[PDB]
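Asker:
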Amino acid sequence: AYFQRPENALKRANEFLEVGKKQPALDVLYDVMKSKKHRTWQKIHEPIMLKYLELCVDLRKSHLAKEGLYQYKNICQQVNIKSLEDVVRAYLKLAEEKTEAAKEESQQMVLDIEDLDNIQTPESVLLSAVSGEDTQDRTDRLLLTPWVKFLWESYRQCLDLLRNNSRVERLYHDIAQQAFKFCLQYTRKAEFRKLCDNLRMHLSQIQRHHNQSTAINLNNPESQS
Amino acid sequence: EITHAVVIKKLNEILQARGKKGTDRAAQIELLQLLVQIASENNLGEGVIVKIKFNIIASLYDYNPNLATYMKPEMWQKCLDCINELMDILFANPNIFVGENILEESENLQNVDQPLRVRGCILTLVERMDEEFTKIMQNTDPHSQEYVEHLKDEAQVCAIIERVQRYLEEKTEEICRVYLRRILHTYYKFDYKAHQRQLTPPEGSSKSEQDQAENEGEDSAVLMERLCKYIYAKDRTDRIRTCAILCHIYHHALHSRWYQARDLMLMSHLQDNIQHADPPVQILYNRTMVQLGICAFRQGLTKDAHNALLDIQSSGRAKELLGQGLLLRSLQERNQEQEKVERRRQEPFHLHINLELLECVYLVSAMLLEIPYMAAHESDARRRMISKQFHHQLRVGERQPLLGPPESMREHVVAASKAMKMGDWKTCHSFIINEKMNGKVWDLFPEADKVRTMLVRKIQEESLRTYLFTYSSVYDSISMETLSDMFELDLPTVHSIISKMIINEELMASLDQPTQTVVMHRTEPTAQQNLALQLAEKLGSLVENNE
Amino acid sequence: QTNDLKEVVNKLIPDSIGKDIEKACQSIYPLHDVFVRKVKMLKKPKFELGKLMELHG
RNA sequence: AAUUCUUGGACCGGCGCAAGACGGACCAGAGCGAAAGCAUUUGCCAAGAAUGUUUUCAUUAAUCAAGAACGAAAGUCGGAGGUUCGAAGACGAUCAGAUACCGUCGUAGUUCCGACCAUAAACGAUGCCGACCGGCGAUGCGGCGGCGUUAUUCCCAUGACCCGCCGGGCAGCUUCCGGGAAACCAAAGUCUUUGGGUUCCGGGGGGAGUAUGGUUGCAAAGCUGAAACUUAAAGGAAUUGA
Numbered sequence: 114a115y116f117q118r119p120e121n122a123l124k125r126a127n128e129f130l131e132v133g134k135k136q137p138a139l140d141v142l143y144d145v146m147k148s149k150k151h152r153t154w155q156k157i158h159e160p161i162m163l164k165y166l167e168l169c170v171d172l173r174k175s176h177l178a179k180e181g182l183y184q185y186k187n188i189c190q191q192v193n194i195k196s197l198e199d200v201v202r203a204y205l206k207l208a209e210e211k212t213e214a215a216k217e218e219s220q221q222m223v224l225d226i227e228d229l230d231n232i233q234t235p236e237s238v239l240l241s242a243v244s245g246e247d248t249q250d251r252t253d254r255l256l257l258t259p260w261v262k263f264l265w266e267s268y269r270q271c272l273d274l275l276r277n278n279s280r281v282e283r284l285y286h287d288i289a290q291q292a293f294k295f296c297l298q299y300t301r302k303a304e305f306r307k308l309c310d311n312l313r314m315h316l317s318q319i320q321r322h323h324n325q326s327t328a329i330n331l332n333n334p335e336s337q338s
Numbered sequence: 020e021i022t023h024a025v026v027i028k029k030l031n032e033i034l035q036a037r038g039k040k041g042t043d044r045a046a047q048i049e050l051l052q053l054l055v056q057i058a059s060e061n062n063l064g065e066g067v068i069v070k071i072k073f074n075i076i077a078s079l080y081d082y083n084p085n086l087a088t089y090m091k092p093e094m095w096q097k098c099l100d101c102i103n104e105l106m107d108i109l110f111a112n113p114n115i116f117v118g119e120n121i122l123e124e125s126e127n128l129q130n131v132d133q134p135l136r137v138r139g140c141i142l143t144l145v146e147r148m149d150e151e152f153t154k155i156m157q158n159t160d161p162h163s164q165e166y167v168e169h170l171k172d173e174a175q176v177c178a179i180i181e182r183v184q185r186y187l188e189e190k191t192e193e194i195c196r197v198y199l200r201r202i203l204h205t206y207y208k209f210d211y212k213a214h215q216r217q218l219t220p221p222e223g224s225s226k227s228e229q230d231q232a233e234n235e236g237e238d239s240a241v242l243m244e245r246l247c248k249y250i251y252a253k254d255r256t257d258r259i260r261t262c263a264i265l266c267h268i269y270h271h272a273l274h275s276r277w278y279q280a281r282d283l284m285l286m287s288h289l290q291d292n293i294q295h296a297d298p299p300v301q302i303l304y305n306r307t308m309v310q311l312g313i314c315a316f317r318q319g320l321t322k323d324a325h326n327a328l329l330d331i332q333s334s335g336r337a338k339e340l341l342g343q344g345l346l347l348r349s350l351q352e353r354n355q356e357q358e359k360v361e362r363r364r365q366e367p368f369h370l371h372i373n374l375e376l377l378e379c380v381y382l383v384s385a386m387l388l389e390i391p392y393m394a395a396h397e398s399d400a401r402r403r404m405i406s407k408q409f410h411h412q413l414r415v416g417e418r419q420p421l422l423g424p425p426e427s428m429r430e431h432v433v434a435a436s437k438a439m440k441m442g443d444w445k446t447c448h449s450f451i452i453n454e455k456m457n458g459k460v461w462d463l464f465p466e467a468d469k470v471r472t473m474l475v476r477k478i479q480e481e482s483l484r485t486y487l488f489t490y491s492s493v494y495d496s497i498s499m500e501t502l503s504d505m506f507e508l509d510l511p512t513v514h515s516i517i518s519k520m521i522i523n524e525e526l527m528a529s530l531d532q533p534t535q536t537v538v539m540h541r542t543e544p545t546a547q548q549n550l551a552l553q554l555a556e557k558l559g560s561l562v563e564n565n566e
Numbered sequence: 004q005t006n007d008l009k010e011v012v013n014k015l016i017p018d019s020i021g022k023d024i025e026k027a028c029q030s031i032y033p034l035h036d037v038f039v040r041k042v043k044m045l046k047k048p049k050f051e052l053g054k055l056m057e058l059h060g
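Order-wise, the sequence lines are chains A, B and C. Per the numbering used here, the very first residue in the first sequence carries number 114; after that it's consecutive. Per the numbering used here, the very first residue in the second sequence carries number 20; after that it's consecutive. Per the numbering used here, the very first residue in the third sequence carries number 4; after that it's consecutive.
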C-alpha cells in the first residue's frame with residue numbers, strides 16, 4: 114500500500130513542501146486519488162484536490178490536472194457535484210492569477226528592463242530584423258507565453274474530457290464564456306480551435322442522444338439560456 | 020620541469036586516454052591545462068605550448084561524445100579564448116612551430132611525416148569551430164531572447180576567421196578554404212553593414228588610412244571570390260567555386276544592382292548543372308535563385324521577378340529555403356535533414372515571398388489581361404492569382420482584410436475601379452509591421468517603387484476599361500488627377516496606342532487622343548465570332564483527322 | 004554539508020534524501036526500498052541557549 | 001536441582017568509556033582459486049581464467065624419476081596479546097558405579113608477528129591431455145543479432161527487463177547411446193568387435209603401517225617399510241524377513 118487514513122497524504126504533501134520538493138509532494142497526493150480509498154467523497158478529499166491542483170499549476174502540468182480531475186469526477190459523481198464545481202472553478206481561478214502576475218511581472222519589471230537596455234541597434238538585433246519584430250514579444254515569449262499556453266490547455270481539457278454533455282453542469286457553459294473573454298486579453302489563434310471545440314461538442318450531442326446528457330429542445334436552460 | 024623530456028612524455032600519455040571507454044572526458048583538459056600553467060620556462064612553457072595548444076582545444080570538442088549535439092555556453096566560451104592564445108603566440112613569433120628547423124628543440128617535427136598539415140591543423144580548428152557555432156544557433160528557441168544572447172558571439176566568431184585570415188604563411192593557392200569560411204560570414208550581410216561605411220560621405224568623415232580600414236569588408240568579395248575561382252579552376256576539387264560564386268551572386272543582390280549579379284549566374288551555368296551536386300550546396304542555389312527576383316522587384320522589374328519566382332512558390336515544399344515541413348516517409352533520412360536545416364537569422368522570409376507572387380502577378384495579370392477579358396478569350400495565362408482569387412471571392416462574407424492575400428486583394432479589387440487613392444492605401448495599411456516595408460532591406464524605397472507602379476499602372480486602366488462614351492479626353496488633367504511626371508505619362512499614353520493597338524487617334528503637339536472607338540454592340544457580333552470562329556476554326560481541324 | 008541541523012531534520016521528517024538517491028540511481032540499477040537507515044551524532048558544538056531557544060520557537 | 005553471584009546493591013533499565021574477537025540477515029546446489037581456502041567501506045600494488053581479433057612467433061607441445069613451492073585443524077619454540085569459548089584440572093549433579101553425557105568456574109590453547117611441523121572422510125572416496133557419441137529447460141562471465149517496456153525528458157548513446165544465437169564454467173532433469181555385480185554413471189560410454197599418449201598404484205583376511213635399519217624434526221612425529229606366525233573366509237551391491 115501507500116496510506117491508511119487518506120488525510121495523511123496532506124501531511125506528507127505539506128512536509129515535502131517545507132523542504133521545497135513539489136514533484137514528490139504531488140506524487141503523494143496523486144497516489145491517494147488513485148487507490149482503494151474511493152469511498153464516495155470523504156470530507157478531506159476537497160483540501161487534498163485543492164493542494165493537488167495548486168502544485169499542478171506551480172509546476173505547470175496540465176496532463177496531471179486532467180488525470181486528477183478525471184479521478185475526482187468519478188469519486189464525486191451524483192453523491193455531490195458541488196465539489197466538482199468548487200474544485201474546477203478554484204483550479205481555473207488559480208491559473209488565471211498566475212498569468213495575471215506573469216504579464217504584470219514581464220510588462221512592468223522586464224518590459225521596462227527591455228527599453229531600459231540600450232536600443233542603439235547592434236549587429237545581432239539588426240540581422241534578425243529581416244524576419245523578426247520587437248524585443249518585448251521576443252522576451253515576453255520567454256516569461257509569459259508558457260503561462261497562457263497553459264491557461265488555454267487548462268480550459269480545453271476542462272471542457273473536452275470532463276464535461277462532454279453531462280446534463281448536471283451549467284459550469285461547462287460558464288467556462289466556455291470565461292475562455293472566450295480570455296481570448297480578448299491574450300492570443301487569438303487559440304480561439305478558432307475554441308469555436309471548432311463548441312462545434313464538435315454540439316455535433317457530439319445531437320448525433321448520438323445516448324447517455325444521461327443534454328436534451329436540446331423546449332428545455333430553456335440546456336437549449337435557449 | 021626538465022628539458023622538454025618530461026612534457027613530450029607527459030603529452031604522450033594524457034592524449035593517449037583519448038576516445039577510450041574510461042576516458043574521464045572532463046578532467047583530461049585539466050591535465051592538458053596543468054602542462055601549460057606548470058610550464059613556466061623557454062621551450063618548456065614559453066616556446067612549444069603550440070603542440071600542447073592544438074591538443075588543449077582538440078580536447079574540448081571531444082568532451083561531447085556525439086557530433087549531432089552542441090557545446091554548452093561554458094564550453095563554447097573557453098574554446099573561443101583558447102583559439103586566441105594560439106594566435107597570441109603564432110602572430111608575434113613569425114615562423115612554423117610544429118616543425119621547420121630553427122635551432123633543435125622543441126620545434127623540428129620532421130620525423131613526424133609532414134610538419135605542414137600538423138601546421139595546417141589551425142585552419143581545421145577554425146573550420147571545425149565555424150561549423151560547431153552553427154549548432155549553437157540550430158538548438159535555440161528562435162522567437163526567444165536566448166537567440167540574441169547567442170548571436171552576440173557572431174562578432175567573436177567573425178574576428179578569428181579574420182585574425183587567422185591575414186596570417187599569410189600558408190605553409191591564393193592553398194588558403195582558399197579559410198577564404199570560403201570567411202565569405203560565408205559575409206554573403207548574407209545586409210546594406211547598412213556593406214553600405215553605411217561607403218555611404219557616410221567620403222570627406223572629413225571617412226578619409227584617414229585606418230578610419231578607411233572599416234572600409235575593408237564591404238567588397239571583401241571582389242578580392243577573395245576570384246581567388247576561389249581561378250586558383251580552384253586550376254586546382255583539384257570542385258566544392259569551393261560552386262559555393263564561392265553563389266555567395267557572390269547573393270551578395271551582388273539586396274544591396275547591389277541586378278545586371279552585376281545575373282551575369283555571374285549565367286557565367287557558371289548552374290541553371291542546368293546543379294543536378295548531380297550534393298544537397299548542402301543544392302539549397303544555397305535555391306536561396307540565391309529566390310533573392311534574384313526579390314532584388315529585381317526592389318529596382319522596378321515587376322514581371323522579371325514574376326516569371327523567375329514561379330517554380331519555387333508553385334510547390335507545397337516552398338521550405339527548400341528554411342526549416343523543413345510535414346508528413347512522414349523514412350524518419351532516419353529526416354534526421355539526416357535536421358542536420359541540414361540552415362540557420363534562422365539567414366532565412367528569406369515566406370510571408371514576404373508570397374507577397375511578391377500575389378504582388379507581381381497582380382501587375383502582370385490584373386493589368387496585362389483586363390484588355391481581352393471583354394469577349395476575346397484565347398490569351399488566358401493558366402497560372403496566376405486565380406490560384407487564390409477563386410478562394411477569397413467564393414466566401415459569403417468579407418470586410419477590411421486581415422491575412423496577407425486579402426490585404427493583397429482589397430487594393431487589387433479597387434485597382435479594377437482604378438482609384439489611385441484607394442489601392443495605394445492598402446499595400447501600406449498594417450504591413451510595415453507584417454513585413455512589406457521592413458524586411459525588404461531598403462527602408463522606404465521599395466514603396467517609392469510600389470507607389471510608382473500603383474500611380475502608373477492605374478493610368479493604364481481607364482485607357483483599357485472606361486473608354487465607351489469617352490471620345491474627347493484630357494491628358495493634362497490626367498497628370499493632375501494621379502500625380503505622375505508629364506513625360507512619364509506622355510510616354511505610356513503614347514505606348515497605350517502602339518503597344519496595345521487600341522482604337523484611338525492622336526495629334527500630340529496638342530497632347531490629345533481622339534478615340535472614335537465604336538466597338539460596343541459591334542464586339543457583340545464579334546463575341547459571336549469568339550464562337551463563330553470556334554465553329555469554322557473547328558472545320559479547319561476536322562479534316563486534319565479525317566485524312 | 005551545505006545547510007544547518009534545523010533543515011536536515013526537516014529533510015529526515017519525510018525521506019527526501021532516500022527519494023532523491025532512489026531517483027538518481029535509476030540508470031545504474033533500479034532500487035526500490037531506499038531509506039537513510041540510521042543517523043548518529045558524533046560531535047556537538049559547545050552548548051548555546053540562544054541557538055536552542057530559536058529551535059524551541 | 002545444587003556448586004557459583006548478590007543489601008561491601010548482583011540481575012534489570014539509562015548514559016558514557018576501554019579492550020580484544022568476529023563480519024549476521026542479503027548468502028543461492030551462485031562466484032573465484034593449483035589445492036588448503038576466500039565476505040564490512042575505500043585506496044594502493046602485482047597477478048588471473050573466459051570472451052573478442054582478417055595482430056604476432058611458428059611446433060616452442062602432453063605426462064613426468066631427481067629436485068622444488070604452497071598445504072585446514074591440532075602440536076612445538078621466541079615475542080606481543082588475552083574479550084569469548086575451553087582439552088587437562090577443581091568441584092555440583094545423575095547413576096549400582098560415571099574417572100562420561102548435564103551444570104559452575106577454568107589452565108594450555110583460541111587471536112597477531114617471526115621461525116618449525118607436513119598430516120585430514122586433504123572426498124567427486126572418481127590422475128592429467130586429446131577425439132567422438134542423445135535430448136531439454138535454467139544459471140554465471142564474454143561476445144552477437146532482435147519486437148517491445150523503462151531511466152537519463154532531449155533522446156542519440158549508455159544501463160534495468162524481454163526473446164534467441166555462439167564460446168568457455170558450477171550444476172540440473174530426462175532416455176533401452178552404451179556400460180556395470182548391482183547401486184548407479186553423457187561418463188564410471190566408445191572393452192573378448194580387447195592397442196590415442198603418459199604418471200602413480202592394488203594382488204584373500206589378519207600380524208601391521210608392527211619390528212629393524214636409514215632419513216627429515218627441538219619434540220610430537222613424518223616418509224620408506226618386512227618376517228615368523230595365524231586363518232576359510234573377511235568383504236561389495238541388492239532381495240525377502242525379524
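The C-beta atom is built at its ideal place from N, Cα and C for all residues, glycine as well.
Closest by CA to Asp-149 (chain B), which one among B:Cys-177, B:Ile-48, B:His-162?
Answerer: Among B:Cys-177, B:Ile-48, B:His-162, the Cα nearest to that of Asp-149 (chain B) is on B:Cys-177.
Asker: Here's the rule: buried if 16 or more other CB atoms are within 10 angstroms of the residue's CB, otherwise exposed. What is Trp-444 (chain B)?
Answerer: Counting Cβ neighbours within 10 Å, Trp-444 (chain B) comes out exposed, since fewer than 16 surround it.
Asker: Mind checking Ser-427 (chain B): buried by the 16 CB within 10 Å criterion, or exposed?
Answerer: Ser-427 (chain B) is buried by the Cβ-count criterion.
Asker: Counting along the chain, where does the alpha helix (DSSP H) carrying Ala-213 (chain B) start and finish?
Answerer: Its alpha helix (DSSP H) spans residues 210 to 213.
Asker: At the 7 Å Cβ level, is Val-243 (chain A) part of the contact set with chain B, yes or no?
Answerer: Answer yes: the Cβ-Cβ gap between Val-243 (chain A) and chain B drops below 7 Å somewhere.
Asker: Could you confirm whether any beta carbon from chain A is found closer than 7 Å to the beta carbon of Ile-31 (chain C)?
Answerer: Closer than 7 Å: no.
Asker: Using a beta-carbon distance cut-off of less than 8 Å, what residues from the stretch 173 to 207 of chain B approach chain A?
Answerer: Listed in sequence order: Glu-173, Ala-174.
Asker: Identify which residue in B:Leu-483, B:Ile-517, B:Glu-525, B:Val-475 has its Cα closest to the Cα of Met-505 (chain B).
Answerer: Nearest C-alpha to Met-505 (chain B): B:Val-475.
Asker: What are the complete beta strand (DSSP E) segments, minimum 3 residues, inside the stretch 237 to 261 of chain B?
Answerer: Qualifying beta strand (DSSP E) stretches: none in this window.
Asker: Once you ignore the five residues that flank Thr-256 (chain B) on each side, which residues in its own chain have a CB closer than 8 Å to its CB?
Answerer: So the list is empty, once near-sequence residues are dropped.
Asker: Determine whether the Cβ of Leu-308 (chain A) lies closer than 7 Å to any Cβ atom of chain B.
Answerer: Closer than 7 Å: no.
Asker: At a Cβ threshold of 7 Å, is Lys-407 (chain B) touching chain A?
Answerer: Chain A, which has no Cβ nearer than 7 Å to the Cβ of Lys-407 (chain B), makes this no.
Asker: Taking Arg-136 (chain B) as part of the alpha helix (DSSP H), name the residues at either end of that continuous run.
Answerer: First-last for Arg-136 (chain B): undefined, no H or E at that position.
Asker: From this set, B:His-448, B:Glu-189, B:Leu-273, B:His-162, which residue's C-alpha is nearest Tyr-211 (chain B)'s C-alpha?
Answerer: Here the closest residue by C-alpha is B:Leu-273.
Asker: Under 8 Å, with one C-beta from each stretch per pair, do the stretch 523 to 542 of chain B and the stretch 485 to 496 of chain B reach the 3-pair mark?
Answerer: Yes, the stretch 523 to 542 of chain B touches the stretch 485 to 496 of chain B.
Asker: Can you pull the chain A residues whose beta carbon is under 7 Å from the beta carbon of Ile-16 (chain C), in chain order?
Answerer: Correct list: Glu-128.
Asker: Along the chain, where does the alpha helix (DSSP H) containing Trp-260 (chain A) start, and where does it finish?
Answerer: Looking at the DSSP string, the run of the alpha helix (DSSP H) that includes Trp-260 (chain A) is 258 to 270.
Asker: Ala-280 (chain B) and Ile-264 (chain B): beta carbons closer than 7 Å?
Answerer: No; because the gap between Cβ atoms is not below 7 Å, this pair is not in contact.
Asker: Nearest CA to the CA of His-35 (chain C): which residue from C:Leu-15, C:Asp-18, C:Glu-25?
Answerer: Among C:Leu-15, C:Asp-18, C:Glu-25, the Cα nearest to that of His-35 (chain C) belongs to C:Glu-25.
Asker: Give the residues of chain A in contact with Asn-457 (chain B), contact being defined as C-beta atoms less than 9 Å apart.
Answerer: Going along chain A in sequence order, the residues near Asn-457 (chain B) (Cβ under 9 Å) are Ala-242, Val-243, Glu-246.
Asker: Residues of chain A with a CB under 8 Å from the CB of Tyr-211 (chain B): which are they?
Answerer: Result: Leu-239.
Asker: In chain A, which residues lie with their C-beta within 9 Å of the C-beta of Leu-170 (chain B)?
Answerer: By Cβ distance, chain A contributes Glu-236, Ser-237, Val-238, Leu-240, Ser-241.
Asker: Within 8 Å, do at least three Cβ pairs link the stretch 35 to 44 of chain B to the stretch 320 to 335 of chain A?
Answerer: Touching, no, given that fewer than three Cβ pairs across the two stretches are closer than 8 Å.
Asker: Do the stretch 502 to 516 of chain B and the stretch 546 to 561 of chain B make contact, defined as three or more Cβ pairs closer than 8 Å?
Answerer: They do not touch, by the three-pair rule.
Asker: Answer yes or no: does any C-beta atom of chain C fall closer than 7 Å to that of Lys-134 (chain A)?
Answerer: Closer than 7 Å to some Cβ of chain C, the Cβ of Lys-134 (chain A) qualifies, so yes.
Asker: Output the residue ranges of the alpha helix (DSSP H) runs that lie fully inside the stretch 275 to 360 of chain B and measure 4 residues or longer, sorted by chain position.
Answerer: Entirely contained in the stretch 275 to 360 of chain B, the alpha helix (DSSP H) runs reaching 4 residues are, in chain order, 277 to 287, 298 to 318, 329 to 332, 350 to 354.
Asker: Against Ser-163 (chain B), what residues of chain A qualify as contacts under a CB-to-CB distance less than 9 Å, listed in chain order?
Answerer: Within chain A, the residues near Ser-163 (chain B) are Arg-251, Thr-252, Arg-254, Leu-255.
Asker: By the DSSP assignment, the alpha helix (DSSP H) with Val-238 (chain A) in it spans what residues?
Answerer: 236 to 240 is the extent of the alpha helix (DSSP H) around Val-238 (chain A).
Asker: Quick one: does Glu-131 (chain A) have its CB under 7 Å from some CB of chain C?
Answerer: So, interface residue.
Asker: Excluding sequence positions up to five away, which residues of its chain have a Cβ less than 6 Å from the Cβ of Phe-293 (chain A)?
Answerer: Taken in chain order, the list of residues that qualify is empty.
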